[PDB]
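One structure is given here, and the rest of the page talks about it.
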Amino acid sequence: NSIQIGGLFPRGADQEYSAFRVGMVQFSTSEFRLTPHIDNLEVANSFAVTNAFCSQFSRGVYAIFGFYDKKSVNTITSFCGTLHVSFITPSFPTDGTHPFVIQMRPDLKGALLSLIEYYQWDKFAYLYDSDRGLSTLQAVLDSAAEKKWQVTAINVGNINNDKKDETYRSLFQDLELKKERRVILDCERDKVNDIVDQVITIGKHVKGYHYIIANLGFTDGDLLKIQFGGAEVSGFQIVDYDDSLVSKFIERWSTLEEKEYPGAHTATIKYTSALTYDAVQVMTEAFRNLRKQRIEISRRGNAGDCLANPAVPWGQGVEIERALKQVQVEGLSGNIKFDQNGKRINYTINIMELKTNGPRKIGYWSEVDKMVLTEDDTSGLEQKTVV
Amino acid sequence: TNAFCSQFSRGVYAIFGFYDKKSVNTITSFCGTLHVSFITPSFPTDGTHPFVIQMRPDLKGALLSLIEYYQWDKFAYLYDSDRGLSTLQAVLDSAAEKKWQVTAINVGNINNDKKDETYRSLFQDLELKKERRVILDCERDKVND
Amino acid sequence: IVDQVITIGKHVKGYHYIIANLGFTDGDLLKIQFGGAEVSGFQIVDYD
Ligand SMILES: *[C@H]1O[C@H](CO)[C@@H](O[C@@H]2O[C@H](CO)[C@@H](O[C@@H]3O[C@H](CO)[C@@H](O)[C@H](O[C@@H]4O[C@H](CO)[C@@H](O)[C@H](O)[C@@H]4O)[C@@H]3O)[C@H](O)[C@H]2NC(C)=O)[C@H](O)[C@H]1NC(C)=O
């Protein structure tokens with residue numbers, strides 16, 4: 001049983017693609033074996049993806065695992081609603097309800113909004129780039145009106161890397177305009193550090209300031225450079241390094257030859273890569289549950305050119321979508337379950353604040369129970385009471 | 001994509017058409033690659049894309065100054081999903097500059113079954129903050145609705 | 001010491017350091033140059 005799958009990896013996602021292979025051998029079987037035809041492409045270019053899709057499609061493919069961008073996502077979701085090809089991605093959740101998509105990434109919109117109510121914030125600023133959709137911004141915008149908050153929403157993405165020294169001082173002249181001491185960082189991990197390094201140098205990281213890192217990869221980036229500053233830094237985790245399942249992974253993964261599996265030698269792993277390694281598991285457990293049900297999926301003939309006019313949807317596509325979406329496996333990203341639209345459901349998200357001795361978990365956000373804390377601390381009001 | 005390659009294989013010299021917020025990333029990509037020349041009256045691109053002739057003049061600056069004109073400081077901004085969130089993010093970045101208090105509410109996703117109810121649900125919630133200053137920014141059809 | 005200072009936040013408006021040598025611009029200064037704090041030193045090689 002030789003199964004052909006198409007791979008869409010952006011330029012230099014080395015840890016993801018490395019984890020992609022260590023999953024191939026982890027979930028390797030003697031029943032069948034996934035034969036991946038991989039395409040290295042610039043994700044941003046819609047033309048590049050389109051021709052790579054047409055390369056994969058005419059070659060005959062059962063499923064595609066890839067990454068998209070806010071520029072490309074409406075090329076992938078448009079060609080996957082037509083040619084019924086299943087798409088697995090660790091990228092941001094789709095803006096709406098697109099079919100034949102398996103978003104390995106849990107919607108973060110739900111967690112962040114329930115976090116702000118915990119700190120009892122009322123006035124803050126929002127920093128974001130559109131790279132992971134304007135969905136998360138319209139979330140804090142809509143919720144702002146309901147219980148009256150005050151949010152300074154600033155687009156941070158469109159700054160070139162030739163003149164950026166005076167676009168950050170200018171930025172934080174508008175953020176002293178209302179004594180802004182509470183800032184949300186909903187950005188790419190790179191833009192997070194570019195912001196932080198700049199914030200370090202204008203010294204807005206002492207006691208009084210409070211940051212929220214709105215991505216599923218908190219301990220992914222650098223945090224030591226804001227470890228002794230004093231300011232409060234909050235973020236989200238999803239790759240629990242205390243869970244024994246990932247702990248075994250961490251034992252092996254941190255000890256691989258670094259030349260073989262690039263940027264994988266650490267005792268830590270990015271959430272995008274920890275989704276890819278969990279994405280392989282779901283694709284494997286789906287193609288076992290297709291032969292277990294004895295249902296056949298073998299492509300009758302070639303698919304032909306993808307621009308086929310009129311286009312023919314090969315029937316077994318709607319079954320592969322079904323099988324994929326009904327899989328329930330346990331991986332790095334905790335629990336993996338989907339619904340009729342590919343959205344991750346019944347998932348754990350960790351809330352992690354920064355402290356002196358390191359990062360620390362005060363609790364978790366549930367998709368059903370909202371923000372629920374963890375009992376491991378002593379009472380703070382518990383001082384010396386005088387008789 | 002099909003309609004483009006259809007015209008491209010026909011070897012036309014310049015394409016005239018439209019697009020949506022979703023499709024524009026396809027049009028622009030195939031033009032900056034195949035050197036295809038495109039002309040459109042739909043909303044201006046989100047940057048500097050080559051081989052594109054936007055007949056629609058940049059609307060942003062005109063709107064921004066009109067608020068600056070009327071000496072507003074606290075207004076409501078209903079918005080549609082259509083012509084991008086360009087003329088919204090503009091007034092939401094300038095919010096801090098000239099001291100504004102912007103209430104932005106999405107309206108481009110109302111169902112036509114309860115259209116008359118949701119439109120009366122919004123405004124009877126806008127007498128909460130009693131905001132009597134509203135900018136619309138919509139497809140002319142959604143305006144009269 | 002400078003590197004250590006930046007990390008702990010003792011280089012904002014409210015602090016003042018005096019670099020006691022003949023080569024102020026000889027070292028690195030850009031890592032606190034925007035910090036708001038005032039830093040003084042001494043130059044012995046006038047580039048002008
Ligand atoms: C939504 O997501 C929930 C969180 O992942 C998920 O939760 C769990 O439910 C399953 C089964 O109900 C739990 O699995 C078990 O753990 C117990 C205790 O360690 C084991 O004994 C058990 O072994 C079972 O043993 C049976 C013996 O006859 C055997 O027949 C069964 O097949 C099975 O092997 C399971 O290993 C899991 O731990 C739960 N997670 C939690 C809360 O920690 C929900 O299922 C999911 N909701 C739905 C309805 O989709």
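Gyration tensor over the Cα atoms of segment A:74-152: the corresponding equivalent ellipsoid has semi-axes (square roots of 5 times the eigenvalues, largest first) of 31, 12, 10 Å. Each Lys and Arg contributes +1 and each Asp and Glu -1, all at the Cβ; summed about the Cα centre of segment A:192-331, the dipole is approximately 520 debye. Toward the positive end of the charge dipole of the protein assembly as shown, with +1 on the Cβ of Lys and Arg and -1 on the Cβ of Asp and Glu, the farthest Cα among A:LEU224, B:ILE110, A:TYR241 is that of B:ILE110.
Among beta bridges identified by DSSP and lying wholly in the protein assembly as shown, the antiparallel ones come to about 25 percent. Summarised in one figure, the compactness ratio Rg/Rh of the protein assembly as shown, Cα atoms and Kirkwood Rh, is 0.99.
In order along segment A:119-124, the Karplus-derived 3J(HN,Hα) couplings, from 6.51 cos²θ - 1.76 cosθ + 1.60 at θ = phi - 60°, round to 5, 6, 5, 9, 9, 8 Hz, and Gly and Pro are given as x.
Taking only alpha carbon atoms, segment B:43-94 gives an Rg to Rh ratio of 1.01, where Rh is the Kirkwood radius. Mind checking the log10 I(q)/I(0) for chain B at q = 0.09, 0.10, 0.18, 0.21 Å⁻¹? Debye, one equal scatterer per Cα, no solvent, two decimals. Debye intensities relative to I(0), on a log10 scale: -0.39, -0.47, -1.07, -1.26. Remark: relative contact order (chain B) = 20 percent; criterion is Cα-Cα distance under 8 angstrom and separation of 6 or more residues. Here's the list of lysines a cross-link from B:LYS21 could span, going by alpha-carbon distance under 24 Å and ignoring same-chain residues fewer than 8 apart: A:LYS70, A:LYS71, A:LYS109, A:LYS343, B:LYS60, B:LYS115, B:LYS142. P(r) tail, segment A:1-81: Cα-Cα pairs separated by more than 15 Å, 58% of all pairs.
For segment A:76-200, the Cβ-based charge dipole about the Cα centre amounts to some 280 debye (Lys, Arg positive; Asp, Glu negative; other atoms uncharged). Note on segment A:1-47: percent of Cα-Cα distances in each 10 Å bin, starting at 0 and stopping at the bin with the largest distance, equals 24, 48, 23, 6. For the set A:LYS163/A:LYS191; A:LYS147/A:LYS370; A:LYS225/B:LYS99, the pairs lying more than 23 angstrom apart at their alpha carbons are A:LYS225/B:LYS99. Computed about its Cα centre, the charge dipole of chain C is approximately 320 debye, with only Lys, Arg, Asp and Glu carrying charge at their Cβ.
Two decimals is fine: what's Rg over Rh for segment A:104-205, C-alpha atoms, Kirkwood radius as Rh? Using only Cα positions, Rg/Rh for segment A:104-205 is 0.96. Need the list of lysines near A:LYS259 for cross-linking: C-alpha distance under 25 angstrom, and skip anything on the same chain fewer than eight residues off. Counting by Cα, and skipping residues close in sequence, A:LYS259 has these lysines nearby: A:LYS248, A:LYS270.
Cβ sites come from the backbone with ideal geometry, for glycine too, and all protein chains shown count toward neighbours. FYI, it's all coordinate maths here, none of it is from the lab.
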